[PDB]
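Heads up, the thing below is written out as structure tokens.
Protein chains get the first letters and strands the later ones, always in sequence-line order, with residue 1 at the start of each.
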Amino acid sequence: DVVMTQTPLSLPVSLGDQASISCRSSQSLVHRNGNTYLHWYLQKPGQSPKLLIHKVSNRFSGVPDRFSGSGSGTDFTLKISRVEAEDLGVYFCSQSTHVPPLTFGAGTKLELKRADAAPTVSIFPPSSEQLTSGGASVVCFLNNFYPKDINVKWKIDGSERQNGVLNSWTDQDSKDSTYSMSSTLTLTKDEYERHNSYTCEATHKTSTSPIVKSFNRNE
Amino acid sequence: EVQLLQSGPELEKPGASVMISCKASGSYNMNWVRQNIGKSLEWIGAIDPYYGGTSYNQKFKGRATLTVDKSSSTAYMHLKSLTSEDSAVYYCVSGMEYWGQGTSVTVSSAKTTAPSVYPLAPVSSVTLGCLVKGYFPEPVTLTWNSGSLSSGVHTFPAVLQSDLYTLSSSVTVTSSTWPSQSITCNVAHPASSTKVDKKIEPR
């Protein structure tokens, strides 16, 4: 099968900027009939994909002329002359020269740039309600940070625990263009009563050193 | 130009089958595409609505069956021997041009289970939260103070792990707002007729 490789995976831009995204195929998409079946789609947040460009450079009906497609052989580019808010979302390329199967690139997310922002980190011991039922979840929120990449570790009595972690991430905030993350470490009550020192530790561009929030079970 | 209306969410056990429909209106081969949790797209196959000829991705050819009902302008995708890898959003696509709204399929051994809702109280601004644990199926809804508190809220996408969902939400307010005023998360899980209000109290 043909592999479609899209770069970059994420492209932060400011409104009004030009944007260029790349799609490379593992072999030539020039069909024996002379056509090059390379297409571009946009999937806006919470929607189904919509076709933008077909056969390299043909703009689909209703698509504004700020979108253009170019390239040949194995190397293709979608350009947006001036990015608008409504253009934000995930762009996919696809090929239908070599079928079956038709194949897709992994997507490039066009997102908004803003100033770097350190996460606001908050840590929460288990509730009395949960402890009553025999469980013990510890929660860490890492909120309103930028850029989007972040790493979290849970450290209990000075040692990392990997088992029982559930992470979730928000999409880029509609108001301030930041990102947020929730990390929940679920223990049994017995495990919780075995150790008293709980730390949520993050790495992020905004600090050379780990960012930490902690509590002591014994108050 | 063509509108594609897909059927609603499906829940199936491992090893079971699913059948989803796609009703076309307006005025091309009908394709089916899977969107995986990481957003990647995989083409399943296509069918000619006219005569009924089909083409399949070898990955899905052993389990997928595409059909069309010409009299009702409806296309169907049947997928058997389901695994957790099949938990995804399935799209029908007319001529690879127009996409349906998608149909969610969740493949899990889970039975319907009401959420447990836990307050997250702190150890110039204060962050509180609400942990909604151990429920099935989606969705739950969560608001703060009956929806009157909407700014400074982050409600995180639900995540399925070990065949139960967890969701959480944080809310950040000025320190003079709480506990001087009340903050309550309102959680609803219609599948279990659950409606709970959890007031956040100082520890």
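Summarising the geometry of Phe124(A) relative to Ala121(B), their closest heavy-atom pair is CD2-O, 3.2 Å, with the distance given to 0.1 Å. Summarising the geometry of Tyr91(B) relative to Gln47(A), their closest heavy-atom pair is OH-O, 3.8 Å, with the distance given to 0.1 Å. Annotation for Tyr41(A) and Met96(B): closest pair OH-O, 2.7 Å, computed over non-hydrogen atoms. Counting all heavy atoms, side chain and backbone alike, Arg203(B) lies closest to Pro125(A) at NH2-O, 2.9 Å. Across all their heavy atoms, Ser168(A) and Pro157(B) have their closest contact at OG-O, 2.7 Å. Scanning all heavy atoms of the two residues, the minimum distance from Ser182(A) to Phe156(B) falls at N-CE2, 3.5 Å.
For chain A, the nearby part of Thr155(B) is the backbone; its heavy atoms alone come within less than 4.5 Å. Residue contact with chain B, scored on non-hydrogen atoms closer than 4.5 Å, involves the backbone of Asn167(A) exclusively. With a threshold of 4.5 angstrom between heavy atoms, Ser169(B) approaches chain A through N, CA, C or O but not through any side-chain atom. Residue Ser180(A) touches chain B through both its backbone and its side chain, counting heavy-atom pairs closer than 4.5 Å.
You'll find the side chain of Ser116(B) stays beyond 4.5 Å of the side chain of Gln130(A), heavy atoms only. Side-chain contact check for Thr172(B) versus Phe141(A): every heavy-atom pair is 4.5 Å or farther apart. Annotation: side chain of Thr184(A) is not in contact with side chain of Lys133(B) (no heavy-atom distance under 4.5 Å).
Distance CG/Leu131(B) to CG/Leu166(A): 9.0 Å, rounded to 0.5 Å. Here NE2 of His154(B) is found 6.0 Å from CG of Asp173(A). Values are rounded to the nearest 0.5 Å. To the nearest 0.5 Å, the span separating CH2 on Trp43(B) from OG on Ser96(A) amounts to 10.0 Å. To the nearest 0.5 Å, atom OG of residue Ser170(B) and atom CG of residue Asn144(A) are 8.0 Å apart. Distance check: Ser168(B) OG to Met181(A) CE gives 10.5 Å after rounding to the nearest 0.5 Å.
The contact list for residues 132-140 of chain A toward chain B, using heavy atoms and a distance under 4.5 Å, reads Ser133(A), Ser137(A), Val139(A) by residue number.
In this structure, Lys80(B) places its NZ atom where only 12 or fewer heavy-atom neighbours from other residues, nucleotides or ligands lie under 6.0 Å away. Residue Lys189(A) places its NZ atom among more than 12 non-hydrogen atoms of other residues, nucleotides or ligands, all under 6.0 Å distant.
Legend: residues meeting salt bridge (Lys or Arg N to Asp or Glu O under 4.0 Å) with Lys153(A), ordered by chain and number and at least two apart, are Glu160(A). Listed by chain and number, the residues in a side-chain contact (heavy atoms from CB on, under 4.5 Å) with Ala158(B) are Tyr135(B), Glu138(B), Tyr165(B), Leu167(B) (sequence neighbours excluded). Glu219(A) pairs by the side-chain contact (heavy atoms from CB on, under 4.5 Å) definition with nothing, not counting sequence neighbours.
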Candidate pair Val123(B) and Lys213(A), rule side chain to side chain contact (heavy atoms under 4.5 Å, CB included), full reasoning: CA-CA 10 Å; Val123(B) 295; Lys213(A) 280 298 181 76; over 6 Å; no

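Ranked by non-hydrogen atom pairs under 4.5 Å with chain A, the options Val126(B), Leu120(B), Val33(B) are led by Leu120(B).
Between the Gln161(B) side chain and the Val165(A) main chain, a donor and an acceptor come within less than 3.5 Å of each other.
With no hydrogens or angles considered, no side-chain donor-acceptor pair links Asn143(A) and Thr127(B) at under 3.5 Å.
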